Structure formats: C-alpha cells, structure tokens
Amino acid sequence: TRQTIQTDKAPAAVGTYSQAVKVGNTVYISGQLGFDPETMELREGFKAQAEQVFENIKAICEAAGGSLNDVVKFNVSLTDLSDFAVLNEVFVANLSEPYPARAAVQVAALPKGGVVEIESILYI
C-alpha cells in the first residue's frame, strides 16, 4: 500500500527526503528543481530549469506507475514572477488538457539557488 519511490532517472534528494511516496493510488512527489540527474547540476536559466523540472517529475511519475496525466495538483515556487509567462508556456508544452489544479507564488530563495521548484500530487 505504501511505497517510497526512488529512481536514478530523476535527481537524488539534496536534503533529508525521498523522491516520492505512493499510498494507494495517490502519489506525493517532492519539490523538484531543474537538476540534470546525470550531473546533479542545475540547467542554465529559468526556461531550461523549468523544462528539466518537468522531465524530473515525469520520471518520478513513471516510477510511481503513472504519468504526468495523473497529476491532480502542482505547487509552483518561483524566485521571479517575471518568469510566469514562460512558466505557463512550459506547462502547455508538457501537459495536455484538462490541466491539473495549481498554485504559484514568488519565494525569496530556493534550495541550491534554483529559480523554480514544483511539487506534485497524483491520483493514478
């Protein structure tokens, strides 16, 4: 019933947490930053980090037995809401309608100096 997901197709945790926890058909995916999992280096710039975040989330979704289509809620933390338009473009490029529920805020800073962090909840 409860599984702790761990796949090296997504970035290793950079703190004391697991990549995702699945309970029943619900999955809680940790905040993902724009790391290339092979190097654990952030991509350069907001757009590349946001695209990488989606790759990272997708890899965890698949290791949890689902896909991005199973996301019901995303929580987005940006360090600059000037990036909101490109955020929305990256969402369109990676998702199909109907889109999940979402929240979005500008924070002061993010782990490892990322400029975008996205958390996810799935129902598979």
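A residue's number is simply how far along the shown sequence it sits, counting from 1.
Mean C-alpha B-factor is higher over 21-29 than over the other stretch, the pair under comparison being 21-29 and 109-117. Stretches 38-46 and 84-92 differ in mean C-alpha B factor, with the higher average recorded for 38-46. Residue-level inspection of the entry shows that, of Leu68, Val53, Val72, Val76, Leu68 has the top Cα B-factor. Among the modelled residues of its chain, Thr7 has a C-alpha B-factor that falls in the middle third according to the deposited record. Per the deposited record, the Cα B-factor of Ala101 falls in the lowest third when ranked against the other modelled residues of its chain.
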